[PDB]
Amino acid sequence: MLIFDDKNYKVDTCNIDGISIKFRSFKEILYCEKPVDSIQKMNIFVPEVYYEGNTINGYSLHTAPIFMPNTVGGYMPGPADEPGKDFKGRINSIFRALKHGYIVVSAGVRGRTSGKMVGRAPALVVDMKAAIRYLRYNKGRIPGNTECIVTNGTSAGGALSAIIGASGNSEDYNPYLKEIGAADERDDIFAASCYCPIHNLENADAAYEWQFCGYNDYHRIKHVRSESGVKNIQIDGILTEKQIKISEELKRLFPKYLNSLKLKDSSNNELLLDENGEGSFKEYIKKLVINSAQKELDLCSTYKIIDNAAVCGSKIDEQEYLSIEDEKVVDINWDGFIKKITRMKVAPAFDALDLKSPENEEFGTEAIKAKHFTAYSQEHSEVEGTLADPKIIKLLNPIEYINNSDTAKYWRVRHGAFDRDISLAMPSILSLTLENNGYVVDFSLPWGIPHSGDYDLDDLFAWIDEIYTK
């Protein structure tokens, strides 16, 4: 049974670098009635002063937003967390959210290596929804405000945040939720925060080649982390003859798809590509990059009015591929920008012809290790493979659910202008689709920033506090 116990708790203190929080913790809560993996458990953390009638940033016990960060990366299992230090030694979001005054709910979710493999698509999404449904089933007994649920994640976890924010209350998920015996409740949320979300997977190959066809040297650094030791993997290479042809073919599939989304900029111009991948949607991406650089130049410019002999962050005033006239980025050598950031992944970047990508495994099943999830890669398969049910592929794509479900009103999307894990076109399609349908989006491409997340948490919290007042 799923009735929350406000008495089964411990009062804990965490001190780090001389910074202390005191909190009530309800740990290892089963959020569904028929779990299939030990990972399906959540922790709830509450600033302890709330139970003495204190306020924090104006929030009280029952009014504070509920922050829901997830731990998913590479579509791996994402286990429940607690206040402390993360894998890079920095003070983590749970700790800093509690100190800011939020209730924090950290929910573990299955992933592609769970198990019988029980955590393939759509498990990670179903599990998040069930956690949210547990909180709502217990609204009267749970601390915090379940009308102010804010999700947060990075990379694959940023995609899980986006799907949850986009697909509120869709009946597509009902059979899986009934399977794990989840509560019968609504699972929409107030706001979704996403860092470099790796999403829209069945279109990401053609978008990546749209961006990188012609640029055949790739460079990647993998940082597999452990408790004591270290293992670094650095890949450098050149596309093969076959991969150069695959690249060119994937690139030519992108325009058809982009045009079918019927996107518009803020001036109601239609955003389109011709069959060579040029046109108004390309001008738009280009202008995002210019505006990213312009913001970084804005700092360096002021910093120079004083001293002037100083060099700034990103050495932005020294990037050759930027055309600067009068402290203003006026144009950009697109070829040089791409040459600066460089390709990272081979072609295809997501749906491998040999079924070896993490996305291939995520679209496996309880029996099949991996599947394809594009028509191209199934056609040109190098191994014996099957196509994943297009009904399951949909369950992971938030673009399919904006304009036809209970979508969160407020959106914060961040993607580093130097993050080449996915084409810049993806975060852009997501923001444009949301803005075109009347949603409120805070979208930025931070200059010089590679594949990462949670690097501006003070601004994230301030965004939460602002939308809370609206």
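Residues carry their position along the shown sequence, with the first being 1.
Peer 1: Just how many deposited residues go unmodelled from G115 to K116: none, 1 to 3, 4 to 9, or 10 or more?
Peer 2: Per the deposited record, the segment joining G115 and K116 lacks coordinates for 10 or more residues.
Peer 1: Is the mean CA B factor in the deposited entry higher across 428 to 436 or across 34 to 42?
Peer 2: It is 34 to 42 that shows the higher mean C-alpha B-factor.
Peer 1: Averaging the C-alpha B factors as listed in the entry, name the stretch that ends up higher: 287 to 295 or 194 to 202.
Peer 2: Mean CA B-factor is higher for 287 to 295.
Peer 1: By the entry's C-alpha temperature factors, tell me which of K231, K264, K99, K251 sits highest.
Peer 2: Checking the PDB record, the top C-alpha B-factor among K231, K264, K99, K251 is at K231.
Peer 1: Tell me which of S155, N333, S280, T71 tops the list for C-alpha B factor in the record.
Peer 2: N333 has the highest C-alpha B-factor of those listed.
Peer 1: Relative to the other modelled residues of the same chain, rank the CA B-factor of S444 and answer lowest, middle or highest third.
Peer 2: Answer is middle: the recorded C-alpha B-factor places it there.
Peer 1: If you rank every modelled residue in this chain by C-alpha B factor, which third holds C300: lowest, middle or highest?
Peer 2: For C300, the deposited C-alpha B-factor lands in the highest third.
Peer 1: Using the temperature factors of the C-alpha atoms in this entry, rank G168 within its chain: lowest, middle or highest third.
Peer 2: Its C-alpha B-factor, which the entry lists for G168, ranks in the lowest third among residues of this chain.
Peer 1: Relative to the other modelled residues of the same chain, rank the CA B-factor of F23 and answer lowest, middle or highest third.
Peer 2: Within its chain, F23 is a middle-third residue by C-alpha B-factor, going by the deposited values.
Peer 1: Hey, what third does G313 fall into on Cα B-factor, ranked over its chain?
Peer 2: Highest third, going by the recorded CA B-factors of the chain.
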